[PDB]
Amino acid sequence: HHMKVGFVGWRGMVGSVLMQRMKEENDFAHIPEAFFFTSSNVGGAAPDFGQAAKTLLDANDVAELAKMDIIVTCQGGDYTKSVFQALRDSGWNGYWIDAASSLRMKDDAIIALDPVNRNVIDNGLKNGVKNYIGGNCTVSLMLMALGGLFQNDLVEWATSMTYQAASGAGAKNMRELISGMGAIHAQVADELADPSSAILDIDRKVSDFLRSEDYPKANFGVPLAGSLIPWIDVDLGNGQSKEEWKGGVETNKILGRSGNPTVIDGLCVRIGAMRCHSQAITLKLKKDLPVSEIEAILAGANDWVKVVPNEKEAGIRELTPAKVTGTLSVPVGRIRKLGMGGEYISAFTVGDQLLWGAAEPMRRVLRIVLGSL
């Protein structure tokens, strides 16, 4: 009833979304003693959520961290590597709630996505698990949409072809995306304002610009605005990106199915959207069910998924980054039987990666951890 919660990386993008959400749900009213840490500004001002400690503690001081009962970090994997094992080596037996991928595949850690795996979280808490890690964006967003099928063991395999937003690469990448949009338009601003200008002239100027060294591409390396990038994260050397490899491993740990795991594969592609990830998925199901029953199973899974009837007008209104950005809704639609047989379906889902793909599972598992003491 006297728990001390420390926050690291609250000032970065993910941490800033977390703080915003915790303010919106009045989470700090449920935190007896909140503390804010810093890698740069020891003794400076903490964000004012009404907590007693108004000044920043040293994020790199393992003894200061060990004073917390719970550490909530959005600082990233390098930070986690710098202090986590040193903290545990000192005897610190508190809770580590982390956005980063460092500890995802450790046996003493749970990937928290409670609308999908609350039963797993509740069991770790009773069995002494102290590490609750946020899942990779694409998997968590996929399971928010499709958890009804997976949780019922109705999925034999799935391939997801993704349309991933810049936010997953960072604030700098989001700023570069909009800058590129502005620089593309500025090349043909006059022609666009002239209704009699030739489309092929506009077109040639834009395509020349995407191949010119004047295009702003410092962060992605290549154009994103006006283009796409069919590789995300590092090259594993087997033709697979690390983003694609996190697919099968993370999905099966969240559910608890690393014993007889479901195959999750596909291609991860960046497109010019700000912060929604979209996925076009082929699934082979273990049963030939009608679309209506599949849809009922999906709808019943959790409170945030939105099944969209498979019609044009609803699809283009509901299943887009324009609709979903900044919201907690996870629409899924285009549910159709495929030509290969009754057990093959398509699904298309859109989800905000800064919320369900990052900050939102963290505030909820913080509350669960606090509600357990």
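Start at 1 with the first residue shown and count on from there.
Participant: Mind pulling up the entry and telling me whether 233-241 or 165-173 has the higher mean Cα temperature factor?
Facilitator: Per the PDB entry, the higher value belongs to 233-241.
Participant: Do the C-alpha atoms of 35-43 or of 337-345 have the higher average B factor in the entry?
Facilitator: Stretch with the higher mean C-alpha B-factor: 337-345.
Participant: Based on the PDB record, which member of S160, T73, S278, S90 exhibits the highest Cα temperature factor?
Facilitator: If I rank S160, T73, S278, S90 by C-alpha B-factor, first place goes to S90.
Participant: In this PDB entry, which of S207, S82, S197, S179 has the top CA B-factor?
Facilitator: Comparing C-alpha B-factors across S207, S82, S197, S179, the maximum falls on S82.
Participant: Pull the Cα B-factor of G248 out of the PDB entry and bin it into the chain's lowest, middle or highest third.
Facilitator: Ranked within chain, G248 CA B lands in the highest tercile.
Participant: So where's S227 on the chain's Cα temperature factor ranking, which third?
Facilitator: According to the entry, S227 has a C-alpha B-factor in the chain's lowest third.
Participant: Comparing against every modelled residue in the chain, figure out the third that the C-alpha B-factor of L373 lands in (lowest, middle or highest).
Facilitator: Its C-alpha B-factor belongs to the highest third of this chain's values.
Participant: Lowest, middle or highest third: where is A29 by C-alpha B factor in its chain?
Facilitator: Ranked within chain, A29 CA B lands in the lowest tercile.
Participant: According to the PDB entry, is the CA B factor of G135 in the bottom, middle or top third of its chain, that is, lowest, middle or highest?
Facilitator: CA B-factor rank for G135: highest third.
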